[PDB]
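Provided hereafter are the protein sequence and its experimental coordinates.
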Amino acid sequence: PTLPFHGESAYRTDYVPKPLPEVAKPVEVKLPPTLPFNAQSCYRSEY
Amino acid sequence: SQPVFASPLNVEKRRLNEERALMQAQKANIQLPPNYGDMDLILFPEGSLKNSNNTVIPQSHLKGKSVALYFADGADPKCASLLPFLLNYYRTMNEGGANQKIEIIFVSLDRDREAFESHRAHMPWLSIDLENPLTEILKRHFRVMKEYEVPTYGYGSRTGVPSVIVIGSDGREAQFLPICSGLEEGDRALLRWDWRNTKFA
């Protein structure tokens, strides 16, 4: 007879090319806001 | 120019006074720009002060009387705690005497007309209408502020809600009654009032 061939190796079908990981989660938003300045000395505040 | 310079009462009082000075210079040795003592101010126009019955009274109605501004906010818990003590002080000050000693002008830091009305219906002294520009022009004059919603001109943040301040005839401060100040003896600072030497002459 003419029995055909299939004997494929471990690495030839096991470590195939792969879908690459979808790069995501680029977390970046902002710094928190700054509050205004309302502090004074003694001499300028009362004298 | 008292207590500060970069506030709108003083900017308007200056402008009216040197326009008076240039008017008399053009009509007639006249010293320019006018002295701080020689300048003049009307603190409230014809429709500012209103009593409990909502009848308007002008400035001359307060002569011979110790007039104190009272900056207050209805939702503020300091204000809610202070208001009965101020009521009692005003009561027991103006009952036992030959004549009337003091008056309290209510200046409102509230957010809404109905909030102003609800916090106003508990007060027997005078007040200032909320949508009148005089209330926040007085705020900017006397440097009272709960939080920075007005751009400040390098001021001092003198005091927050609530405050009672003794005012003079031209809008200067005579004495500060220390509720929330450097001193902060709240609910008792009313007795520091010196209503004899503080008079709306």
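On my side now, so go ahead. Numbering: from 1, shown residues only, chains lettered A, B, ... in the order given.

nearest spatial neighbour of residue 42, skipping sequence neighbours?
Defaulting to chain A. Leaving aside its sequence neighbours, residue A:42 sits nearest to residue B:182 (CB to CB, 6 or more residues apart in numbering or on different chains; 7.9 Å). No exception for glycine: its C-beta is placed from N, CA and C like everyone else's.

Switch to chain B, please.
Using CB to CB, 6+ apart and skipping residues adjacent in sequence, the residue nearest residue B:42 is residue B:59, 6.1 Å away.

Residue B:105: which element?
strand B:102-108 (DSSP states H and E).

Could you list every helix and strand in contact with that strand?
strand B:66-72, helix B:77-94, helix B:113-120, strand B:126-128, helix B:134-142 (3 or more CB pairs under 8 Å, 6 or more residues apart in numbering or on different chains; DSSP states H and E).

which parts of chain B sit against chain A?
B:145, B:148, B:152, B:156-158, B:182 (CB under 8 Å from any CB of the partner chain).

Listing partners with orientation, what would you give for the strand holding residue B:105?
strand B:66-72 (parallel), strand B:126-128 (parallel) (DSSP bridges).

on that earlier part again, closest one to residue B:27 among the helices and strands packed on strand B:102-108?
Distance to residue B:27, taken as CB to CB, is lowest for helix B:134-142 among the helices and strands packed on strand B:102-108, at 30.4 Å.

Packing partners of the next helix or strand after the closest one?
Next along the chain after helix B:134-142, taking DSSP H and E as the criterion, comes strand B:163-167. Of the remaining helices and strands, those touching strand B:163-167 by 3+ CB pairs under 8 Å, 6+ apart are strand B:66-72, strand B:173-177.

centre of the chain versus strand B:163-167, how much separation?
How far strand B:163-167 lies from its chain's middle: 6 Å, per CA atoms, centre = their mean, to the nearest Å.
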